[PDB]
Amino acid sequence: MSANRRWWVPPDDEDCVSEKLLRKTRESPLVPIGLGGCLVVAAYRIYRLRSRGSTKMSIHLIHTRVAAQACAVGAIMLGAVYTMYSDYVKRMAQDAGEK
């Protein structure tokens with residue numbers, strides 16, 4: 001015991017897949033996992049958008065807990081989701097609409 005000790009600083013953009021997401025995955029569909037993350041995300045969304053909580057002591061929105069968590073998590077989750085929801089497309093050559 002000295003002072004936390006241990007540290008790390010990856011070059012990649014705050015990591016991405018790696019063995020982490022490698023084991024994280026599984027097989028289950030996104031319909032479920034997604035839906036859930038939708039209720040959570042959306043929830044957190046409507047929350048931030050709306051003015052609820054009843055605290056009156058946070059006119060910064062940065063040094064929080066559930067907010068910061070929703071920010072980070074939300075970022076990850078969302079990011080992933082988006083990538084998926086969008087990836088849903090065939091795979092490439094998205095030339096929709098006719099001019």
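The opening position of the sequence shown corresponds to residue 1 in the deposited numbering, with each subsequent residue numbered one higher. Beta carbons are placed, not taken as given, at the ideal position from N, Cα and C, and that holds for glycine.
Taking the Cα positions, residue 32 is about 41 Å away from residue 3. Between the alpha carbons of residue 79 and residue 64 lies a gap of roughly 21 Å. For residue 61, there is no enclosing alpha helix (DSSP H), as DSSP marks it with neither H nor E.
Taken atom to atom, the span from the alpha-carbon of residue 71 to that of residue 56 is near 20 Å.
Taking all protein chains in view, the Cβ of residue 74 is crowded by 16 or more other Cβ atoms within 10 Å, so the residue is classified as buried. Nearest C-alpha to residue 88 among 11, 30, 25, 60: 30. About 5 Å separates the Cβ atoms of residue 37 and residue 77, confirming a contact at the 8 Å cut-off.
Between residue 58 and residue 67, the gap from beta carbon to beta carbon is short of 9 Å.
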